[PDB]
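Just the one chain here, the form deposited in one PDB entry, laid out as structure tokens.
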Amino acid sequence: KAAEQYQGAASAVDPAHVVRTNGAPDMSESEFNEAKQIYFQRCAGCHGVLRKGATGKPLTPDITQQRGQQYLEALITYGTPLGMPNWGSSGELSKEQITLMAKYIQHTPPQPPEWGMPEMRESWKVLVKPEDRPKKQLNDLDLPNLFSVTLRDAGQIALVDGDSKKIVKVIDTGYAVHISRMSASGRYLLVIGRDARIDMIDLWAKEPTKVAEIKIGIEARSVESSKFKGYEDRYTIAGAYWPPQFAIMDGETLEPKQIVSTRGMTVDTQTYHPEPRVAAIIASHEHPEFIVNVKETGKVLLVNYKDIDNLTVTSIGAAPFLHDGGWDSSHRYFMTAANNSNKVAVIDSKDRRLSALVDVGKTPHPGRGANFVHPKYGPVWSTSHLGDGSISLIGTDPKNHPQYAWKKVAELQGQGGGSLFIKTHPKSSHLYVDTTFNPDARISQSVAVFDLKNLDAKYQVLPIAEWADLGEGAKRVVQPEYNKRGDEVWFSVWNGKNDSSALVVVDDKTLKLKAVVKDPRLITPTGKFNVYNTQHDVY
């Protein structure tokens, strides 16, 4: 009773300013669920789970009811020239369905489940204990030259032998694996699905097999391993889109250790954002840390794992909509794209500060980028764009080239916009650029190639999907990727689930077709990661 009177006073919060949400149009269960289904299949991607993920005004009740039924239907029907597609004019959705979506977004956002340690541990499984694993490589595969390829819609990945061009093993994983990363020892391949399901694969087993698995959220895209001297296979980190968090697990067993929320204040307006999805994650070579990208808030977190019981995080402000990125040639500066802000943030991992924000083209999408030495400007890091056909070259040598450091030193012009990946290798005098989402089929099915030794000459167009000899289907070409020795570049001919796909290999020295990988198992091939190049960040 004493403690009850102690905490008995009135809250300083005024009841009058605490608002009940409603005033939305009536819709039955059948109706609400149908809309909700359409929302996560078609809208959530850009707008997010809580509808504050896209640029412009959020789709929350305060705003939507202000706009009204008519405006919403009209907006959803025709779209806008700023990234919002037209669902009615295209014939994607029916007027009946648009009427439902307009009603739906006027309601409070249905809540998805949280996912903490109890859920994580429940999902955690150690298939083969560290003790029961081989002490040395039990097969005679050339592991460094192996290619972990994603068989997207199949919810699997295929290990492809570099030299033989044959599929060695097919493994079941989470749905639509987004990326593959390698442990610092080069022994374990880590894969994570969009469903946030991670799988640890042992390349030393007689036949490469899964030794651990866990689910770190409802939705995810990134996973990474400790790469600081003396931390080989110590920790594994993964970022989720929902819930807004990242989890640190044991590098050997995938046992969940810490889960950290990314919900917080934005860099630009410094207001609270309830859903800051975790984008790229890269491991620091200068300090025992993980460099995490937090999209909507535009923050780059340096999570120190030297002591994970008492986690130390340094929050660096960058720019809103942080997505992909990669290291500069020296592996000290994290060159990351803030695509909707049309900028590239430079994070110094040694000094641990934002070195600069470079202005670039419309919607920069560098992937991990492409590093090379410019004859005139010295070391540069480059990126292509989704918003245009330009390629930005940024100087990355502060020490010996201060005149060009962090400057969009020069540009190149590819086939057009819709570009996803740019690429090159130390031993190569070529630069590859795809155009996966370019609305012109001929362009989307081919890749441009520049001559690093004559940057003034126009690119050469390589007909990848055509060299595939596949037949009907979109046949979208995506992500150029070199082999261990960098004498050949691989491309994925991303065709439909019921269509035929392939992996095309070009002779880097001659720019001629060298091979074409086909297999009934190769369904919707997307990302490809050569074991050596991914592990040693060779790009």
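Numbers for residues come from their place in the sequence shown, where the first is 1. We call the rigid core whatever largest set of C-alpha positions still superposes within 1.5 Å between the two forms.
Another form, the form deposited in another entry, is not on view; read the next lines as being about it.
In the core-aligned comparison between the shown form and the other one, the C-alpha of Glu92 is the only one from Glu207, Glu92, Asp161, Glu411 that shifts by 2 Å or more.
Relative to the superposed core, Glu31 undergoes a C-alpha shift of no less than 2 Å between the shown form and the other one. Core-superposed comparison between the shown form and the other one: the Cα of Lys103 travels 2 Å or more. With the core held fixed between the shown form and the other one, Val346 has its Cα displaced by under 2 Å. In contrast to the form presented, in that other deposited form the C-alpha positions of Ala220 and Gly45 draw closer by 3 Å or more. Put simply, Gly45 and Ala238 come closer in that other deposited form: their C-alpha atoms are 3 Å or more nearer than in the form shown.
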